[PDB]
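*Asks:* missing the sequence, but the structure's below:
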RNA sequence: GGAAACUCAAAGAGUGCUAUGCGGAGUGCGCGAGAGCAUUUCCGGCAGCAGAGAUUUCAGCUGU
């Protein structure tokens, strides 16, 4: 129950899965700058303002 | 012979004065830090357990609720903390969501209110002051559309014209409203779809294909000239107002309850129809509904996107709303409470943080979207920790007990029974289909996304 | 601890400054030692403008020694590396930190 | 160890550094504080005996109710435990599971019967006295507190003579005779 | 971007010896791109570590490294370390087993007669000093100075910081060797009965009653990198064990006769063992290959201990002999006793120290100093061994300047992040893997006589 | 959208920039109404950017009179047009957060490129900065606030009641 | 048996404490500008000239 059952969806075999999981991301095994740049979410919203639907390009 | 040892020296490591902070000297050696995988795996277990014990999503309702049951909800798309809300006894209100009470309320129409939106109108005889007062509008069952003012108190530029600045009159009933978010031109679904602006009391255009009513409609957020609608022909009809014409129609199996466009992709929308799944359609290729969000048990009443464009929210006729990621097709999270019932209109607040659910028992409620996060500013150690183990749960998502913990919710047992008997009959249909596929020559494979489409005008 | 973030913000300039032959590691570890102590005393608790002043003084002196060993060893005015702007830009960064933390004293201003 | 916060206490409930499950509520510690037992393992060398006699009473109840080996050995064991004073009455064989206790086989020890017949006033003081060598049972002196007594010898528990506590209590009552050297 | 310790900082993978999906392709190229960036920026820290390891060298051709007196180095070294080289003399109680903490902060001495003292040794601080009358074979600390378990005559006891007892273990019916797996919070015991048994000391549970089926356990030793316990029995078998499966994982056959001691390198990569056949073996562990085998050292090796810089320590009864550069894979790095005619291709030992008349019962290095605590009959001695310690300890886990508040917080942090007792594995990187079955490439539900010829047709 | 706020003190006016916006929907929550009681998490919202003290105590009484009648005085005009950025035509109207709807229209008339907000959110972080107070300035003032408002209180009371001097 | 401390050890609570994120330009756009785009466009070279500035720094030219 520790190794997963099959290969999950975005990957295709176990070399893909293990090459994903090969680097720990904690601040122990990695530096602070590489930590704080390795971890940040894909979206990142500012907390208290309305989000406009984007209208780009040529304003 | 040269001898040197460590020179620990007890000054760089313990501070000279009693206030400044000591070093934490630090060696990033894999030799030093022994178990990478097991340690951060257990940190992922602790993170999933912590979100399952911090998932407290219900914020609170707002006001004492309506009288008969919320059937229409419209956020305003240019301010955060207010939304309009109309219930089908006839009563429409303009809620302020900071203090959680209304600015004003009115007995709007005789019958049901069937649609309402908000507007930044432009009259040709006025600087329309869209900052000291705020305008909504509503179409209803008694063949009337009413454009309405609200004396709002958010600014203090001033120191009076409260309700019903003008009325539109239609020959048949009305069902839906939305407004072109420029040039004050809005559009109504009734027995036939009419396009009109706020400056003239007649429909500027008929727009329908033929004789079939228009159950809902919605404008676009960008390419604002384009819009979509859903008719009781079980049909999606896209209209373009530049050519002033309908432009394509597809017919599906069961009736589409409610459309909502994408704010980010701008040519993808979501239809919520009465078979128990929502359909993330494209626009340019309307023959393959490019995602199907499946996990419901009854008719899906409405849906809208998050403003961040990648997480949508469906509210359905079973007493439960649920929030989907865009690129999965199954429930990220289920919200339900015992007092909410037959939840009809769920919308997403304009900062992608709160989920407003207007039910049928009258109440309109607030929820958080990320049900485990909290809404205060965080010191950067908390921000780094929560973001860290968020990423950590994300990469250890497929371990078979992190998955069962992060997948475990508690659904009401009506939804539990309906979901499991839906599972056993779907397995039965799959088995009997497998038997026919074993024998018969050509029963061709149809995709799950292409299954529900029964037709499309303009094949190419 | 953001002191670790500043302390490994300052690594690449000394990396290039060591791999070109003007310092050796046996003394860039010494200036890294004193820089560690200065950063800790700076963004610790109960700090002071005199700590900021001594950090500015030390960084200006190691800038002058950098230019001195640049014109002595390499016999050029600069080596167009990352270091030459970096050391005074982080002096300005120290100044910015000190003005934000202590906008009182017009001496430091 | 830190009086953990609410989320930490929720994330680990089963931690307890002090009291584990296999301590059985620390009853060996509790009763050896109750009866002031000097050495370790004395509780368990009593508890082995308690488990032994309930094992033997189990096997004797298993043996059928007619044979003289069973009836003679069960009345023999009951009389032996009465003669060691572990019981108080010659009761039923059901009291060989309700009434034999490690507390009872402790209660026949020397300092606790000494405190029981008020020779000392607390059991710690009784271990003080019989570790200093003042008491005897019959003729012979007792130096170790592990000597539990029999039903017979709860009567000749007396101090030795020239024990100066005996001299001080006799001179308290001023019946201090000094021809008998104490 | 060179980063010479990249060969130290790499993390290997289960490999084959290119795709078609564009999204998967770009995801993989981003993944290994940020892997290379994280490895380079992680190995950009050796500029930031404070001080280098100590060392010595002959810097002549006449004198040698091993014939250097402790008096001489105690004169030529600084006052603080020369003062830290303590020599306790305790005579009346027995031989003194020595266990430092995981940092260098405390020290636990056990006399075989009755005497256990947990004390700070850097500052002289009595924490818990108790004479319990029965014999104590060995003892250790649990996670801090706050708890220490003593293996008494039969029952194993654990004790508080001030000397009170907390648990008389009803199990561990005897004990000879204790150890503590620190990240797992597992107190592991082995002894005269053939029972290796594990105890989760946090929740007070047992974990594994493993039957050894090999008589008593002559010496046990923890692998500090995958947390398997290496027992060495009377057969010469050094069998290494995990609490998850009863059968011993891997049964090395190192020596002949009984195995006297085992010691694992802190990188998990080498195992040094001494037997009663007068033999010492160095072992690869990750490939299970006998590296080289010093046969016929002139007396039975009593104990071996390896420092944190790969530094071999062999106790030859009254001797302590230390080899540097003994844990390579060459033929030069076999530890010998003589450079025959001055041969520059031998390991004449790094240092040596002959004691007076007292058998040394256990070596053990000090974690973050350059000195080893050796325990003998009449007491304890620290020996200044100048290359025997990580100068750059990592203060995120264990700290030799740790105060009370950060002591409580560091132990409760490890108590939340205790690894469960099942994931003790022969290799630590087999948790995020897939199963060995349920094959690698995933499938997405799309692919799951002429007269006889005349007398055919019938 | 609350970019600046103006806090009126006994010693003089202060104008704060707003770094992070407070949350608008969950403003009645426990975890949001406690961050205006925590100082180290209130300073993640509000940065001090200007502080003009009153020159004399007579001008202090004059400014207190002008604020109590809701008028704009000249020192207030000075600090506002120093700190507030001039906007373009109607896009991005700059925004103050003041404490009363009567001071609203007067500075709207004095500055048509400035918009005034006094809602629950504005009064919320106003009372946050009033609670923490002199810890925001880190000594950047010449005055102690309790004794300053003692003197200002007796002055304002006396001038309101026309208490005689003979 | 009661009482002194800089005797130590272990817990708890309160008060605090900030707890705290290629470059000058020049060149065309972005509604007097930098909040981005983009660079050989000269430079961040050499000595001297002479205007300055506290020996070492700036201001404009010759070649380079």
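*Replies:* Structure received. Numbers count the residues shown, from 1 in each chain, chains lettered A, B, ... in the order given.
*Asks:* could you use CA atoms for every contact and neighbour count after this?
*Replies:* Noted.
*Asks:* since we're on the nearest residue to residue B:197 once chain neighbours are set aside, how many residues are nearby?
*Replies:* Spatial nearest neighbour of residue B:197, excluding adjacent residues (Cα to Cα, 6 or more residues apart in numbering or on different chains): residue B:185 at 4.1 Å. Using other Cα atoms under 10 Å in any protein chain shown, residue B:185 has 19 other residues around it.
*Asks:* residue B:185 contacts residue B:179, correct?
*Replies:* Yes - in this structure, residue B:185 is within contact of residue B:179 by Cα atoms under 8 Å, at 6.0 Å.
*Asks:* and the residue nearest to residue B:150 when sequence neighbours are not counted, how far from residue B:158?
*Replies:* Closest residue to residue B:150 apart from its sequence neighbours, by Cα to Cα, 6+ apart: residue B:134 at 5.1 Å. From residue B:134 over to residue B:158 the distance is 14 Å, taken as Cα to Cα, to the nearest Å.
*Asks:* which one of these two has more residues nearby?
*Replies:* Regarding residue B:134 and residue B:158, a neighbour count based on other Cα under 10 Å identifies residue B:134 as having more, with 20 against 14.
*Asks:* for chain D, see how far away that one is.
*Replies:* Counting by Cα to the nearest Cα, to the nearest Å, the separation of residue B:134 from chain D is 45 Å.
*Asks:* again, but for residue E:215
*Replies:* Summarising the geometry, the distance separating residue E:215 from chain D, computed by Cα to the nearest Cα, is 27 Å.
*Asks:* which SSE is that residue in?
*Replies:* Element membership of residue E:215 [criterion: DSSP states H and E] is none; it lies in no helix or strand.
*Asks:* what residues are up against it?
*Replies:* For residue E:215, the contacting residues are E:192, E:193, E:194, E:233, E:234, by Cα atoms under 8 Å, 6 or more residues apart in numbering or on different chains.
*Asks:* in ChimeraX, how would I select the buried members of the residues you listed?
*Replies:* The ChimeraX selection below is limited to those of the contacts of residue E:215 classed as buried (16 or more other Cα atoms under 10 Å in any protein chain shown):
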select /E:193,194,233,234
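*Asks:* so the nearest residue to residue E:126 once chain neighbours are set aside bridges to which residues?
*Replies:* By the measure of Cα to Cα, 6+ apart, the closest residue to residue E:126 outside its immediate chain neighbours is residue E:119, 4.9 Å from it. Residues in a beta bridge with residue E:119, per DSSP bridges, are residue E:107, residue E:126.
*Asks:* what's the neighbour count on residue E:119?
*Replies:* Applying other Cα under 10 Å, we find 21 residues neighbouring residue E:119.
*Asks:* roughly how far does it sit from residue E:145?
*Replies:* As it turns out, when the distance is counted by Cα to Cα, residue E:119 lies 9 Å from residue E:145.
*Asks:* got the residues of the stretch 51-200 of chain B near chain A?
*Replies:* Counting by Cα under 8 Å from any Cα of the partner chain, the residues of the stretch 51-200 of chain B lying close to chain A are B:77, B:78, B:79, B:80.
*Asks:* now, which of those residues lie within helices?
*Replies:* The members of these all map outside helices under DSSP state H.
*Asks:* show me these that map onto strands.
*Replies:* With strands taken from DSSP state E, there is no overlap with these.
*Asks:* I'd like the residues you listed as a markdown table, with neighbour count and distance to chain E appended.
*Replies:* Listed next are those as a markdown table, based on neighbours: other Cα atoms under 10 Å in any protein chain shown; distance: Cα to the nearest Cα, whole Å:
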| residue | neighbour count | distance to chain E |
| --- | --- | --- |
| B:77 | 21 | 34 |
| B:78 | 15 | 35 |
| B:79 | 15 | 37 |
| B:80 | 22 | 36 |
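*Asks:* flag every residue of chain A that's near chain F.
*Replies:* Residues of chain A lying near chain F (Cα under 8 Å from any Cα): A:47, A:48, A:49.
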